[PDB]
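K.L.:
Got a structure here, written out as structure tokens. Questions coming.
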Amino acid sequence: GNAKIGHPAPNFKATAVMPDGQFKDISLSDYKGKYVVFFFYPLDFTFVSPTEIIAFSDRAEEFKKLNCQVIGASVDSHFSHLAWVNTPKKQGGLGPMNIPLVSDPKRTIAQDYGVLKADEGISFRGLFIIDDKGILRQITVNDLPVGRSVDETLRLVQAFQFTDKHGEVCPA
Amino acid sequence: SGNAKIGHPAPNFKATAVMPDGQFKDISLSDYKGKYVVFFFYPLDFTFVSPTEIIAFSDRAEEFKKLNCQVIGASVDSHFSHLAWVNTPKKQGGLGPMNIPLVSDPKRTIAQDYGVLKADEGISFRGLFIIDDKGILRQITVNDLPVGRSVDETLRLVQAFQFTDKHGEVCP
Ligand SMILES: COC(=O)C1(NC(=O)N[C@]2(C)CC[C@]3(C)CC[C@]4(C)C5=CC=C6C(=CC(=O)C(O)=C6C)[C@]5(C)CC[C@@]4(C)[C@@H]3C2)COC1
Ligand SMILES: COC(=O)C1(NC(=O)N[C@]2(C)CC[C@]3(C)CC[C@]4(C)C5=CC=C6C(=CC(=O)C(O)=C6C)[C@]5(C)CC[C@@]4(C)[C@@H]3C2)COC1
């Protein structure tokens, strides 16, 4: 892919299902000025992914406190994303979301981020931390069966922000 | 770039390491087939963040031993530099005695193979790789230079890969 630490994270423009349940075309560059956690999950209607998606959504306030936008993405269609959002949580659905979920049906965003499982046309569990200038700071990629930690993601975002100010601080 | 791909054999290496007994030995990643491996890079010796990571992994080596998991650190520094850092007491800003080997990558080819060489500086990013007992790469972590890694998170991941291996074997 083209995701390189210290270089601008690859831009994308893609249809997402938004927290209000409607579809909107969004770009990574829309979020310049905020930190971004951009994470891929393989497919809708799966069993490791909902734990991750619901945790990032449930804890979106903690990322807001860090001026950090969270965005999920999968190769499944935005229609499929919304079907999973609208599925009752009691039956395995996501329920209402506090984060947008991007659709990557052409697989080009996953390829740009180096996380396409090429023999299977779905993304690995890639997670990318992008700073407020659009520069990639952190790459995380898990094989399909192993999920990610919101605690660890928050630790990383906060630590990048703190070290960002190392040298900018009042010298009293 | 690099050749580290999830689900493919992790790039082999053969390099001089400082072993836990304080002596030089040439080792290869393939020496550790049959064990999980946590293989991690740090930018250079005699720094500020890197020793806290290395000492944490060394101090907690027994927790990885209980998971049948070998931990190996690496940087582009010479093997003499590694040994000098080990021979410097923790009291005085060194590593002190180590429970893990420290690989020397002076030709930068291991860092290049793992896609973590920060070109134009000749040092590696904070790359961490989880390799299963068959030598297959399962997890990629790369941090920009200022932010360190978590041993807790690394153990969570190793445990989770071993957990899912119990039903995710390709062969019964
Ligand atoms: C960019 O514009 C500006 O900064 C303006 N000031 C300005 O240039 N000051 C100058 C001349 C330039 C900048 C520096 C060299 C650097 C920061 C500075 C040491 C410093 C840092 C940290 C504080 C401080 C005092 C507090 O009471 C405090 O709460 C905080 C948190 C002080 C101790 C006040 C002086 C200070 C601001 C000087 C002084 C121009 O109109 C505002
Ligand atoms: C498949 O080959 C065979 O079973 C033959 N038996 C054979 O080698 N038995 C022996 C000698 C004894 C049985 C064991 C110890 C156990 C299973 C085994 C590790 C293993 C398990 C799971 C696969 C495997 C390779 C694949 O390509 C695959 O799709 C699947 C799903 C392999 C990795 C091939 C070797 C394997 C079969 C060995 C090898 C009959 O022709 C050879």
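Numbers run from 1 along the shown chain.
According to its header, this structure was worked out by X-ray crystallography, 1.6 Å.
Every residue, even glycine, has its Cβ placed from backbone N, Cα and C.
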K.L.:
Swiss-Prot tags one of A:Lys13, A:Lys34 as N6-acetyllysine; which one?
P.N.:
A:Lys13
K.L.:
Hey, which of A:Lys24, A:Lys89, A:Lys106 does Swiss-Prot call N6-acetyllysine?
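P.N.:
Annotation hit in Swiss-Prot: A:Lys24.
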K.L.:
Candidates are A:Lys65, A:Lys117; I want to know which one Swiss-Prot annotates as SUMO2 cross-link.
P.N.:
A:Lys117
K.L.:
For chain B, which of the recorded positions A:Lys4, A:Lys13, A:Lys24, A:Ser29, A:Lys117, A:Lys133 fall under 8 Å by Cβ?
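P.N.:
Listed recorded positions passing the 8 Å Cβ cut to B: A:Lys117.
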K.L.:
Test of understanding: give the count of other CB atoms lying within 10 angstroms of the CB of A:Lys13 (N6-acetyllysine).
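P.N.:
So the number of other Cβ atoms within 10 Å of A:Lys13 (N6-acetyllysine) is 12.
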K.L.:
Given the recorded positions A:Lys4, A:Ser29, A:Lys32, A:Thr87, A:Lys117, A:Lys133, which lie close to A:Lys13 (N6-acetyllysine), meaning Cα to Cα within 10 A?
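P.N.:
Close recorded positions: A:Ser29.
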K.L.:
If H, G and I count as helix, E and B as strand, and all else as coil, what does DSSP give for A:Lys13 (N6-acetyllysine)?
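P.N.:
DSSP assigns A:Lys13 (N6-acetyllysine) to strand.
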